[PDB]
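Some notes on the structure that comes next.
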Amino acid sequence: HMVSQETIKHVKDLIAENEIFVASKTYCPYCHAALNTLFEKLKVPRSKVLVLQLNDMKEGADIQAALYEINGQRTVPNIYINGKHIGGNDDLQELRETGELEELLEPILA
């Protein structure tokens, strides 16, 4: 219970309001891997995805701490698709490999 309810609600809002939400950082190899998969490989429209660079926001550490409380993950990339917690790049690639990611992205690509 490290973070304010204000921050928890704000992060929950970002998760709910955006088709895809990706918590990221600048110069983050695995963040780059996940975004390259989404935008370049799978051609998800960039305008449908909210990407935040935590290290460059005042509220950055606060947002990261909120995500830890919400989903138990402490690292970036931290991905949500259609309100559902995906995880990091490992998780995204695993869903891709089974064919699940295709079905998760379908309603969004429409």
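Residue names in the structure tokens use chain letters A, B, ... in the order shown, residue numbers from 1 in each chain, and ligand numbers from 1 in the order shown.
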
Point to revise | Within 9 Å of stretch 47-60 of chain A using only C-alpha atoms, minus same-chain residues under 4 positions, as a ChimeraX atom specification | key: /A:7,14,18-26,64-65,76,108-109

**Study point:** Near-residue A:35 list (9 Å; only C-alpha atoms; drop same-chain fewer than 5 positions) as a PyMOL selection string
**Key:** chain A and resi 22+30+40+89

Practice item. From the DSSP assignment of the backbone, select every residue of chain A that is helix (DSSP H, G or I), and format the answer as number ranges by chain. Key: A: 5-17, 29-41, 46-48, 54-56, 60-71, 89-98, 100-109

Review point. DSSP on the backbone: what in stretch 3-109 of chain A comes out strand (DSSP E), as a ChimeraX atom specification?
Key: /A:20-24,49-53,78-81,84-87

Point to revise | atom CA of residue A:36 to atom CA of residue A:8, distance in Å rounded to a single decimal | key: 28.2 Å

Study note, to complete from the structure: Using only C-alpha atoms, the residue out of A:11, A:46, A:94, A:31 with shortest distance to residue A:68 is A:11

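Computed from the coordinates, the atom CA of residue A:74 to atom CA of residue A:101 distance equals 22.6 Å.
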
Please list as an mmCIF file with N, CA, C and O atoms, in the first residue's frame every residue within 12 Å of residue A:41, counting only C-alpha atoms and excluding residues in the same chain fewer than 6 positions away.
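Resulting contents of result_16.cif:
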data_model
loop_
_atom_site.group_PDB
_atom_site.id
_atom_site.type_symbol
_atom_site.label_atom_id
_atom_site.label_comp_id
_atom_site.auth_asym_id
_atom_site.auth_seq_id
_atom_site.Cartn_x
_atom_site.Cartn_y
_atom_site.Cartn_z
ATOM 1 N N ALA A 33 11.573 -4.280 -28.252
ATOM 2 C CA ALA A 33 11.129 -5.566 -28.798
ATOM 3 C C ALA A 33 9.602 -5.659 -28.880
ATOM 4 O O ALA A 33 9.061 -6.034 -29.924
ATOM 5 N N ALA A 34 8.909 -5.297 -27.799
ATOM 6 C CA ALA A 34 7.447 -5.419 -27.757
ATOM 7 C C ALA A 34 6.746 -4.462 -28.741
ATOM 8 O O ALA A 34 5.810 -4.862 -29.439
ATOM 9 N N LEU A 35 7.214 -3.215 -28.794
ATOM 10 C CA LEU A 35 6.660 -2.200 -29.716
ATOM 11 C C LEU A 35 6.947 -2.491 -31.184
ATOM 12 O O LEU A 35 6.086 -2.263 -32.034
ATOM 13 N N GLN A 93 5.121 -12.387 -26.661
ATOM 14 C CA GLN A 93 5.622 -13.347 -27.672
ATOM 15 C C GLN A 93 5.004 -14.723 -27.490
ATOM 16 O O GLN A 93 4.723 -15.408 -28.480
ATOM 17 N N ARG A 96 1.578 -14.590 -28.903
ATOM 18 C CA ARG A 96 1.679 -14.524 -30.354
ATOM 19 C C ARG A 96 1.849 -15.932 -30.926
ATOM 20 O O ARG A 96 1.171 -16.320 -31.890
#

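Interatomic distance, atom CA of residue A:84 to atom CA of residue A:17: 11.8 Å.
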